[PDB]
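Only one chain is shown below, in structure tokens, and it's the form deposited in one PDB entry.
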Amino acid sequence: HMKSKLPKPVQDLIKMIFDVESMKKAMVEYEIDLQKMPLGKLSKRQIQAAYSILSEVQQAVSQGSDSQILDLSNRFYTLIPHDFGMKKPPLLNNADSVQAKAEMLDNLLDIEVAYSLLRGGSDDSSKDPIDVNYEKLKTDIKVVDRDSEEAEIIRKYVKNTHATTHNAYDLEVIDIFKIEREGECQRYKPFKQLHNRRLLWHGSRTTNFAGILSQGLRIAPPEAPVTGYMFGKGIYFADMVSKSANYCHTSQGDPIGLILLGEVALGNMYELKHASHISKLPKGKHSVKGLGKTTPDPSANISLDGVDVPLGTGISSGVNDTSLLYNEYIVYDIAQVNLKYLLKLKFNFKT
């Protein structure tokens, strides 16, 4: 080929997010039977059918027994084959089972997108496949200079917002990318001047990032069980880097992960302390705020291109009997998010 002219950090990003073996590894991490459901046989309609069966399992658990559940749990396993040999798989009979399988299905939806991009399209060995795959993301990706103002603010955000209760690891910022998904700016226009716009974190497994950059952050589909997500079917964000970093699902066997910083238009927040599996916001609300016991110190907010960055060190919020140690922010319209940066992080585990 010509050999790519992209900067090396951008090339390495493209390599990581389109790694087919990582996709396969994630599916084995989910107990999927790759002989019965190989990567190439995943389809939207099969994942969608699985989501529905999980919504039936949800409904049986809301209204309570193991006998009447068994049939439903089996139906889920029929649609998504799990590698249990000659078996009896584990009974899917509680809320935790429903959240875990809905999470798995979310991830399979993104793997399916990434693979479809790989298989869709043309084969030209005189082009560098890195260049070819970058183009399928329909996203401008630039390296942010480590010496800039915007690099310094981002690094401070990471330095200051690592929770003490997440101290099994720390984080080194490897590369900072500035990202512009095509059309996203136009989509965000109605919200661009909204009050309470904030620069927030969203972590995700590296196998999701081809789908995120190509399709943006999405809400779980109508078939998905609303009860699989603490504040229902929205797009979730944190103001503590370590709370979002936890969702990268890195480890000692793969310690490099990816995190997003998005401009999120929060407007009038619906403030909550416990699980609320809502389908819509109340009239007049634009988002949910999951109220943490700890918040970044409000007095250290700083501005980055007019957007507030809540990069203070963690202090008591004064909120009392809350299910959340840290804040969470949820929007329910995909248009309220404008992704701005992507960080490649290295996780130093101390265990």
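Numbering starts at 1 and runs along the sequence shown. What we label the rigid core is the largest C-alpha set whose atoms superpose within 1.5 Å from one form to the other.
**Q** As recorded in the PDB entry, how many deposited residues are without coordinates between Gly306 and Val307: none, 1 to 3, 4 to 9, or 10 or more?
**A** Gap between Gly306 and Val307: none.
**Q** 240 to 248 versus 87 to 95: which one carries the higher mean Cα B factor per the record?
**A** Averaging CA B-factors over each stretch, the winner is 87 to 95.
**Q** Mean C-alpha B-factor higher for 28 to 36, or for 315 to 323?
**A** Of 315 to 323 and 28 to 36, the stretch with the higher C-alpha B-factor average is 28 to 36.
**Q** Specify which of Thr294, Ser287, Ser43, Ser55 carries the largest Cα B factor in the deposited PDB entry.
**A** Out of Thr294, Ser287, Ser43, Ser55, the record gives the largest C-alpha B-factor to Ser55.
**Q** From the list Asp140, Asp110, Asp147, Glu271, select the residue with the highest C-alpha B factor recorded in the entry.
**A** Answer for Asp140, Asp110, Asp147, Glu271: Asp147, with the highest C-alpha B-factor.
**Q** Going by the recorded CA B-factors, say which third of the chain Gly253 sits in, lowest, middle or highest.
**A** As the PDB entry reports it, the C-alpha B-factor of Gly253 lands in the highest third of its chain.
**Q** Could you look up the Cα B-factor of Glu328 in the entry and say which third of the chain it sits in: lowest, middle or highest?
**A** Bottom third by C-alpha B-factor.
**Q** Taking only the Cα B-factors deposited for this chain, tell me whether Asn196 sits in the lowest, middle or highest third.
**A** Within its chain, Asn196 is a middle-third residue by C-alpha B-factor, going by the deposited values.
**Q** Relative to the other modelled residues of the same chain, rank the CA B-factor of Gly262 and answer lowest, middle or highest third.
**A** It belongs to the lowest third of the chain when residues are ordered by C-alpha B-factor.
**Q** Should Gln215 be placed in the lowest, middle or highest third of its chain by the C-alpha B factor in the entry?
**A** Its C-alpha B-factor belongs to the middle third of this chain's values.
One more form of this protein, deposited in another entry, exists but is not displayed; see below.
**Q** With the two forms superposed on the core, which of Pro89, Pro129, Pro190, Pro221 shows a CA shift of 2 angstroms or more between the shown form and the other one?
**A** Of all the options, the C-alpha that shifts by at least 2 Å belongs to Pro89.
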